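First up is the structure itself, then whatever we jot down about it.
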Amino acid sequence: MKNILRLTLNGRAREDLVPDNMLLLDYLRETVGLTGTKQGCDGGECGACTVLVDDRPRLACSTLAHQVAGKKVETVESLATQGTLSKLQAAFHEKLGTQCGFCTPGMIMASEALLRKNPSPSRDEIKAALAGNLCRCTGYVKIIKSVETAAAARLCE
Amino acid sequence: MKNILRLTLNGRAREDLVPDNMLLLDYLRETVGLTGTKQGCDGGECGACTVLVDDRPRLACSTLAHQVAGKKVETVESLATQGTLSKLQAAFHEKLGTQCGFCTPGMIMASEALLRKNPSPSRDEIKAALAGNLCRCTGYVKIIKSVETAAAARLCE
Amino acid sequence: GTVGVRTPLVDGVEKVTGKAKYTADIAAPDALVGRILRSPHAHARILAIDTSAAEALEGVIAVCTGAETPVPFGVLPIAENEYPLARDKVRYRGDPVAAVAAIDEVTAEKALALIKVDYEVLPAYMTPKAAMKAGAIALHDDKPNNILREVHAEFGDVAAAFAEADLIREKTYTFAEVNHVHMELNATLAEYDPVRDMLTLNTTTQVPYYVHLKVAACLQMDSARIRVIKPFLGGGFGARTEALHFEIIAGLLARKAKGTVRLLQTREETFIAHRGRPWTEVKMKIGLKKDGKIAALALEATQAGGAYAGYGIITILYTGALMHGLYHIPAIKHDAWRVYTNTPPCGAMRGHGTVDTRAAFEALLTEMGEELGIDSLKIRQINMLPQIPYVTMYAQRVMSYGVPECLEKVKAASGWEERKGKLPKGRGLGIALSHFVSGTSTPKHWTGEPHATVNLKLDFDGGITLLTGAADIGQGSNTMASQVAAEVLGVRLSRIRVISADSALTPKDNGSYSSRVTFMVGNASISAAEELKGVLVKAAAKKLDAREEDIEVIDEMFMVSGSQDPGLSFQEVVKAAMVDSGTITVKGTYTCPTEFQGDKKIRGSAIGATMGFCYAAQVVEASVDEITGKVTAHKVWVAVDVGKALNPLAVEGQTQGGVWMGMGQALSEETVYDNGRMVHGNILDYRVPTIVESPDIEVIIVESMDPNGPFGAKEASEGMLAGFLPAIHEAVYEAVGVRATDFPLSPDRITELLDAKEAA
Amino acid sequence: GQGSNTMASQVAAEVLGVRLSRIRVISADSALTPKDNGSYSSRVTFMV
Amino acid sequence: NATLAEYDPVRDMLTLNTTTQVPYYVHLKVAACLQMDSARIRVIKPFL
Amino acid sequence: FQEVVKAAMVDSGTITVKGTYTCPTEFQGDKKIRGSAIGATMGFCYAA
Amino acid sequence: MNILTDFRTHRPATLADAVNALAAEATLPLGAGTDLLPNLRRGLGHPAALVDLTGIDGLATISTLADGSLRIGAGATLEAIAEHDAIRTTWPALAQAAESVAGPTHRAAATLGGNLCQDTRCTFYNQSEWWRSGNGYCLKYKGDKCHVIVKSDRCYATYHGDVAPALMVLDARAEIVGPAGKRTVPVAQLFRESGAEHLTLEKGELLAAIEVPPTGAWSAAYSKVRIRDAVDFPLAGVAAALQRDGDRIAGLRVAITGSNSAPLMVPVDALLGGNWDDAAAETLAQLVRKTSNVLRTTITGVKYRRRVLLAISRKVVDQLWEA
Ligand SMILES: Cc1cc2nc3c(=O)[nH]c(=O)nc-3n(C[C@H](O)[C@H](O)[C@H](O)COP(=O)(O)OP(=O)(O)OC[C@H]3O[C@@H](n4cnc5c(N)ncnc54)[C@H](O)[C@@H]3O)c2cc1C
Ligand code: PCD
Ligand code: PCD
Ligand code: SF4
Ligand code: FES
Ligand code: FES
Ligand code: FES
Ligand code: FES
Ligand SMILES: [Cl-]
Ligand SMILES: [K+]
Ligand code: NA
């Protein structure tokens, strides 16, 4: 059965009729058409579907869409200002924190949550916050470098 | 304000939260993403937005989405069976009843309504049914031939 | 200049914004849902299949079985024994038996449940030993003993070489099977146009040409009616270097349904596709002189290859091909057996077939060195190739060799001299060398075509379009091709727009496998750029009334050498070049010379033959917790000879990714089967390392300048993976005194070794 | 809508002795296709 | 009439899909009028 | 045709060719009367 | 679209409404869904409805009470627990255990109630519908045979929750609400050592809060063993609490997880009054071994899981002693 779901998504008010059993991941990819949020596993193991719900990370594949009613939801598509990259996005690009790009939307949303909560994280705090996000391309080294670079850039802005 | 709209569209059940002031044309093109139905004028003058509602033609630009609640709606995307053209579509293609193709979806939907109601129309009946559909490329000659060809082909089978 | 500049990848903007569309992101509102019915038995005959009830279900548009797929496929022309949908029997749990296309997921699931299959279950074999028993059923009729391929080679007089040795030791090492776990799930979007009888596929492949060939063959459809496009791809690491069953099945279903079918795969199904590194047992025997010089080598490798041939023949030859080209070894004896088992087929995975035997060789060499009282870094320096160029006994031609520098660099960066043997109990350092080819120099299909082809287009607007069939899989080939072409032309990287991997538009490429792309496509791109530069210099010279020989192109300006004239801007030259010409299209190609393709007298030597090798030396620092047996890799210092780093930023990232994948295999990754059932089919119990335990990795770039590579370049992505295993093996021995004989060195294995140590 | 993609395919297929179905036309995208002066004054069939 | 204009500020590139019979003339005038290098502009005519 | 394609790929790979057409000068009006270019053409379509 | 049964999702605003919603057949409580949704997606359960507890006002509060005890609503997230200043300072074992669970994003939403009530695990169970149906299902769900212990007298699935043992050695109490009203039990009593009926909650009952008493002279810690350094469930986990009097053990509590179908207290009275030395540590290992029943419900072997469970029980007590 479908019920009304009201929330703010990427800065815009949404009011949609959504199945009670719909996962947030499927609502974002299929109902809204925002394909930046990815599916990398069969449930909760990889972090590729990470999005923000009231500034905190959330696994879209392990959250029901109806559980985020009345909340602020943000996906990777929300970070840029029109076509201009956010500092965090520019850092992942310039420092090669992204190779194939598949784990990148999830890695960047987890990083965005970290930087909103802790603007100047230590290397260990970065590793701790990205602990559930798997990447197969990078060996993580340059992902840490991207987050450090972004943190510094945001602070001197 | 938005309200629940339930209808059958291209053979599938829809249950969406839709603004009370939304035109059927905008619901089809923007909410559902079916771009076959076109806009050729500023309101009711050209027939390019013609769709079927309970087997009869309707101008999607001059109908509110909420007025088709509980009805069967069909657009050009519904006529083929998977990728196989219907006899009417095949006739417009083979007889050149379509050149630029812009008036074609509306012209075909008006023709489909005609053939469902009157399987063997005279040339005068074909012209009468398509009277409100404007085409700028064909001079109409081969559009009439297309409908006559489709009618004869449907009578076979 | 663009070459040698640290350059963010040209497609990175779309990755960080979520605008990049991977296969499952492509919109197709009319797409049906495809699903495959997979065998629940590891080995069984199919006696009958009734799809009548599934076909009758409203919403089911097509149902297919093996009766519709009479042509088998395989990546190697000589070994095509896998059918898209099974015929006669299934050979692993997960083998496709039927498939359906339905209007939605719930309907497709119901349909699968309505298909009735009558099976005659057969005994299944999980190990090479069980499969080779005289009474085992042959998985494939042409190999009654289940041995797909055997290799028995001897280079030099091995018996006499071992007689000359002062010390001879032998040890057996075992290596778990591992999987690529690319983060993107497998998927194919297949659009069949019944009006025109054409098929267009967007699929998760590193080898769109191979997909084109196998879809045409398996569907018995002319290649001219098929178009293959690779959209953005979420990695592959070898998994997607062969056309896979789901790609062909999606095409089959789309044609049967006369429409479009989107066939998505779960992570479990992606593990079932597999094509990963086989479980391998390696017996290693090395003879050394007392001064540390290698006198002889003899090794045996047995691989459990899974249920179908696939890359198997190539993989087993690689177990011995790269025992050559790294150290000078007087004589080598190689025996190997590739054995079928009733498990998902194994295939190519980063370092294809050379990882496990390289790990075993490095570990025993170090162990023997200890016995002789020679430092593990020194024993490698002692055995380096004595002169360059060097032709190996396997007929490989080494024209550039940065190993001496790699070793000196990691020795210094890691503080090896200062620290080795002077660490606290529980901590250790280890070193190892590894290498890989920069592309197999002989294509799989003999077609007589160039080994790479790149087209450039330049019209009135001044933008240069570079067209390549090469698959960028996250490694950066689109950036690489752009950089080398822009360098030749003297233009900014921003002037080049790359169109890639769409068969209707781009020139065919053999695929992104064996690290061939930079070397081959890089050279072809230089070739095309030189053709275009020639056309522009001709037009500039004419407009400047100068001779072509006197024209210099500096940062988008065509000047007359020595002259004072300001010269012509690039756009002014484009305008001049359009006169009496219009659109300029040029073609560049590259073909590996025959002397680099092995020796026909040495059977199978094309495998292992290449234009050049990437070499890597790495030192690993690790600690071991004796309470839990947990090994923690803290840091790796790795020096890689990549000939010339075209994009140092990407070379560093590629090297870190390669070392890290080796770390996963070394410490935590392993597949597990139980009477044919996959137990590790998720990313919780198949332990891909998280960022918390992953090591920091410092990369040092060595540039040996290969005489045939693009601007001197060799590969930069596979030669460093294997070295991590033996390096951390040595670090564990220094930390706690045990010598592992089985990978991964997970806590369970370490605690057993510690308990045995103490017991003794 | 006048048919220039069909016209171009027809004449190239005739010269080559192949079926029309063997020709795929990519048109009017400046990054991929050669510059054309435009569909005006009925110049396309004759010149293209 | 309609135009979809995609401007990429990261690369300073512009891609246009527009209702034109003369994509070459559009390319020339957009470059001149925006005082933007023609090499930074891509013009595509979709179905018209 | 397909056998010939296979043969043509040997030592070549992907074939790309270019064809062009240019109206001869005599069909461009009187070169000395600029306005005479308007109305000059390779040929006329006639209708009754 | 990812397939789920066509269940209803109730979002009660109070515990009373949640209890009434749970009265219906085939209805399950839902916390953040980090354990439940992956299982439902794999076909482990075919609910008619889920009762979301995350929308209940006041269910996520962490507070201190008059006596200096701790009260945590069942809806509090593991992240909030791990980061709470009072918990880290006074009941560090609980912060330690909460922070050790899964990954940081799971903890950002995962609830204390859901962590305690998480399902047991087995490699024949946490598998897809295709996989399980092909294997004839099992006694825990849709089958009639246990593939680990063929006798099949019960399901032997293992409980791998990290927070339970920490709360057990801290002598925490569980407040339960249901159609019969409110009741409280020592947290250890929330569990039953049976793989397929592992909780003592009855129909319609919910864990509403957890109360932890002041510590007095007790110190406590939790230690978890896993191959990766994040995300993995415990291969073995041991919590311990100690009261030390001079050089003798005045009080000792030990709880294990990741070893049996329930997290369990280990009877260690034999160590009271004695010293903490090598002989006492070996005695402790044997007592832990006796209570443990390490079985092959895991992909990792029993030999290692049992060996480390014994080793860390000695290590966690030695840590508390030496501090
Ligand atoms: C990849 C992965 C790794 C994990 N690693 C760990 C780990 O290391 N340690 C660990 O302990 N867990 C782990 N988990 C399990 C789970 O994520 C955590 O246990 C968690 O705290 C679940 O809480 P939740 O709110 O998400 O519960 P849910 O998933 O919502 O619920 C789980 C269960 O508790 C019931 N339930 C929820 N709230 C209540 C209540 N108040 N009263 C009664 N019943 C209730 C539900 O009906 C359900 O059966 C992991 C999960 C995944 C997917
Ligand atoms: N000298 C030099 C070289 C190189 N480079 C760089 O680096 C890269 C890479 O390169 P190479 O090495 O040449 O390679 P290629 O061939 O291109 O590619 C392929 C590969 O790639 C690699 N990497 C990667 N990454 C990602 N990210 N993903 C992936 O998936 C991968 N995979 C892997 C593999 S495994 Mo096989 O398949 O087993 O055979 S092979 C392989 C490039 O692109 C660039 O960026 C540079 O710069 N320089
Ligand atoms: N001989 C011959 C000729 C021709 N054809 C055909 O016909 C067509 C046409 O051609 P042509 O005539 O050449 O033309 P082009 O150039 O191509 O085109 C253009 C034109 O086109 C026409 N037509 C049409 N149609 C449509 N449909 N739409 C349109 O829009 C149009 N427009 C119109 C106009 S006006 Mo101007 O612009 O004023 O100058 S110019 C014009 C072609 O394509 C084909 O199809 C043929 O076949 N044959
Ligand atoms: S322990 Fe036995 S009954 Fe329980 S889940 Fe595992 S196989 Fe099924
Ligand atoms: S898709 Fe893997 S955790 Fe959500
Ligand atoms: S960039 Fe490829 S998985 Fe992370
Ligand atoms: S758009 Fe013209 S009548 Fe509707
Ligand atoms: S076909 Fe062009 S308007 Fe009718
Ligand atoms: Cl290998
Ligand atoms: K046999
Ligand atoms: Na049907």
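Pairing each residue of segment G:143-163 that is at negative phi with any residue that is among the charged types (D, E, K, R) and away from ligand 5 (no atom under 16 Å from the Cβ), provided the two are 6+ apart or on different chains, yields C-beta distances under 7 Å for G:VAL148/G:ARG296; G:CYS155/G:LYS140; G:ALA157/G:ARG121; G:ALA157/G:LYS140; G:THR158/G:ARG121; G:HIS160/G:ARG121; G:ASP162/G:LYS224. Scanning segment A:1-26 for residues that are within 10 Å of chain G (Cβ to nearest Cβ) and not aliphatic (A, V, I, L, M) returns A:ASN3, A:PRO19, A:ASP20, A:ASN21, A:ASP26.
Looking across segment A:37-63, the residues that are more than 13 Å from ligand 5 (Cβ to nearest atom), more than 9 Å from the chain's Cα centre (by Cα) and not in a loop (DSSP other than H, G, I, E, B) come down to A:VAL53, A:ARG56.
For beta carbons closer than 6 Å, sequence separation of 6+ or different chains, a first residue in segment A:21-44 that is among the acidic types (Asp, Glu) and a second that is within 14 Å of ligand 1 (Cβ to nearest atom), the qualifying pairs are A:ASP42/C:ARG267.
Scanning segment C:243-270 for residues that are of a type in the set (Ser, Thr, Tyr) and within 14 Å of chain B (Cβ to nearest Cβ) returns a single hit, C:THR260.
Considering only residues in segment A:77-127 that are part of a helix (DSSP H, G or I), closer than 18 Å to A:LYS142 by Cβ and within 7 Å of chain C (Cβ to nearest Cβ), the one that is nearest to ligand 6 (Cβ to nearest atom) turns out to be A:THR104. Against the definition (away from every other protein chain (no Cβ under 14 Å) and part of a loop (DSSP other than H, G, I, E, B)), how does C:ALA86 come out, yes or no? Here the answer is yes, as C:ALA86 does meet what is asked. Evaluation of C:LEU253 against the conditions (1) under 28 Å from C:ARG338 (Cβ atoms); (2) surrounded by 24 or more Cβ atoms within 10 Å (Cβ to Cβ) shows that the sole unmet condition is (1). Taken across segment C:52-60, residues that are touching a residue at least 24 places away in the same chain (Cβ under 8 Å), in contact with a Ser or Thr (Cβ under 9 Å, 6 or more places away or on another chain), part of a strand (DSSP E or B) and more than 16 Å from ligand 1 (Cβ to nearest atom) do occur, with at least one present. Looking only at segment C:73-83, decide whether some residue is away from chain A (no Cβ under 14 Å), surrounded by fewer than 16 Cβ atoms within 10 Å (Cβ to Cβ), more than 20 Å from G:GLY134 (Cβ to Cβ) and away from ligand 2 (no atom under 16 Å from the Cβ). Checking segment C:73-83: at least one residue is away from chain A (no Cβ under 14 Å), surrounded by fewer than 16 Cβ atoms within 10 Å (Cβ to Cβ), more than 20 Å from G:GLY134 (Cβ to Cβ) and away from ligand 2 (no atom under 16 Å from the Cβ).
Taking every residue in segment C:311-329 that is away from chain A (no Cβ under 14 Å) and pairing it with any residue that is within 16 Å of ligand 7 (Cβ to nearest atom) and polar (S, T, N, Q), at least 6 positions away or on another chain, yields no pair with a Cβ-Cβ distance below 8 Å. Quick one: is C:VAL207 within 16 Å of ligand 1 (Cβ to nearest atom) and either surrounded by 15 or more Cβ atoms within 10 Å (Cβ to Cβ) or within 21 Å of C:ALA309 (Cβ to Cβ) (or both)? Criteria not met by C:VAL207.
Taking segment C:1-35 as the search range and keeping residues that are within 30 Å of C:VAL60 (Cα to Cα) and in a helix (DSSP H, G or I), which one is nearest to the other protein chains (Cβ to nearest Cβ)? I'd like the intermediate steps shown before the answer.
Of all residues in segment C:1-35, those within 30 Å of C:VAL60 (Cα to Cα) come to C:21-35.
Add one more test, that the residue is in a helix (DSSP H, G or I), and what stays is C:23-25.
Values: C:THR23: 11, C:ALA24: 8, C:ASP25: 4 Å.
Filtering segment C:1-35 for residues that are within 30 Å of C:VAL60 (Cα to Cα) and in a helix (DSSP H, G or I), the one nearest to the other protein chains (Cβ to nearest Cβ) comes out as C:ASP25.
Against the list (1) under 26 Å from B:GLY101 (Cα atoms); (2) in a loop (DSSP other than H, G, I, E, B); (3) not aliphatic (A, V, I, L, M), the condition B:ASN21 fails is (1). Check segment G:166-173 and report whether any residue there is away from every other protein chain (no Cβ under 14 Å) and either assigned to a strand (DSSP E or B) or within 16 Å of ligand 4 (Cβ to nearest atom) (or both). Yes, segment G:166-173 contains at least one residue that is away from every other protein chain (no Cβ under 14 Å) and either assigned to a strand (DSSP E or B) or within 16 Å of ligand 4 (Cβ to nearest atom) (or both).
Which one of C:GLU184, C:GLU150, C:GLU170 is surrounded by fewer than 16 Cβ atoms within 10 Å (Cβ to Cβ) and under 30 Å from C:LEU667 (Cβ atoms)?
Numbers: C:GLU184 fails: surrounded by fewer than 16 Cβ atoms within 10 Å (Cβ to Cβ); C:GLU150 fails: under 30 Å from C:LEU667 (Cβ atoms).
Exactly one residue qualifies, and that residue is C:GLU170.
A Cβ distance below 9 Å, combined with a sequence gap of six or more or placement on separate chains, defines the contacts here; from segment C:635-659, residues that are without any contact (Cβ under 8 Å) to a residue 12 or more places away in the chain reach residues that are charged (D, E, K, R) in the pairs C:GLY653/A:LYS142. Every listed requirement among (1) within 30 Å of the chain's Cα centre (by Cα); (2) over 25 Å from C:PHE711 (Cα atoms) is met by C:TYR390 save one, (2).
For D:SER27, the criteria (1) without any contact (Cβ under 8 Å) to a residue 12 or more places away in the chain; (2) more than 8 Å from ligand 3 (Cβ to nearest atom) hold in every case but one, which is (1).
Within segment A:131-157, being in contact (Cβ under 8 Å) with a residue 60 or more places away in the chain and either loosely packed, with under 14 Cβ neighbours inside 10 Å or not basic (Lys, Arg) (or both) holds for A:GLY132, A:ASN133, A:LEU134, A:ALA150, A:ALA153, A:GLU157.
Any idea which residue in segment C:431-449 is farthest from C:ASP356 (Cα to Cα), counting only those that are buried (at least 19 other Cβ atoms within 10 Å of the Cβ) and of a type in the set (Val, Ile, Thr)? That would be C:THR440. Would segment A:100-113 turn up any residue that is more than 18 Å from A:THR37 (Cα to Cα) and buried (at least 23 other Cβ atoms within 10 Å of the Cβ)? No - not one qualifying residue is present in segment A:100-113. Condition (residue is closer than 28 Å to A:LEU134 by Cα and part of a strand (DSSP E or B)) applied to segment C:642-652: is it met by at least one residue? Scanning segment C:642-652 turns up no residue that is closer than 28 Å to A:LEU134 by Cα and part of a strand (DSSP E or B). Taking the conditions exactly as written (under 30 Å from G:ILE312 (Cα atoms), within 14 Å of chain A (Cβ to nearest Cβ), buried (at least 24 other Cβ atoms within 10 Å of the Cβ) and more than 16 Å from ligand 6 (Cβ to nearest atom)), does C:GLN665 satisfy them or not? Spelling it out, C:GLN665 is indeed under 30 Å from G:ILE312 (Cα atoms), within 14 Å of chain A (Cβ to nearest Cβ), buried (at least 24 other Cβ atoms within 10 Å of the Cβ) and more than 16 Å from ligand 6 (Cβ to nearest atom). What number of residues in segment C:339-367 are in contact with a strand residue (DSSP E or B) (Cβ under 7 Å, 6 or more places away or on another chain) and within 16 Å of ligand 10 (Cβ to nearest atom)? The total comes to 3. Of all residues in segment C:545-578, exactly one satisfies the criterion of being out of contact with any helix residue (DSSP H, G or I) (no Cβ under 9 Å at 6 or more places or on another chain) and of a type in the set (A, V, I, L, M, F, W, C), namely C:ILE554.
Evaluated against (1) free of Cβ contacts under 8 Å to residues at least 60 places away in the same chain; (2) more than 8 Å from every other protein chain (Cβ to nearest Cβ); (3) out of contact with any helix residue (DSSP H, G or I) (no Cβ under 6 Å at 6 or more places or on another chain), G:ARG11 falls short on exactly one condition, (2). Does segment C:696-717 include one or more residues that are more than 9 Å from chain A (Cβ to nearest Cβ), of a type in the set (S, T, N, Q) and buried (at least 24 other Cβ atoms within 10 Å of the Cβ)? Checked against the condition, which is being more than 9 Å from chain A (Cβ to nearest Cβ), of a type in the set (S, T, N, Q) and buried (at least 24 other Cβ atoms within 10 Å of the Cβ), segment C:696-717 yields at least one hit.
Taken together, the values in this text are just the output of simple stated rules run on the coordinates, not laboratory data. Quick reminder, even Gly has a Cβ in these numbers, built from the backbone with ideal geometry, and neighbours come from all protein chains shown.
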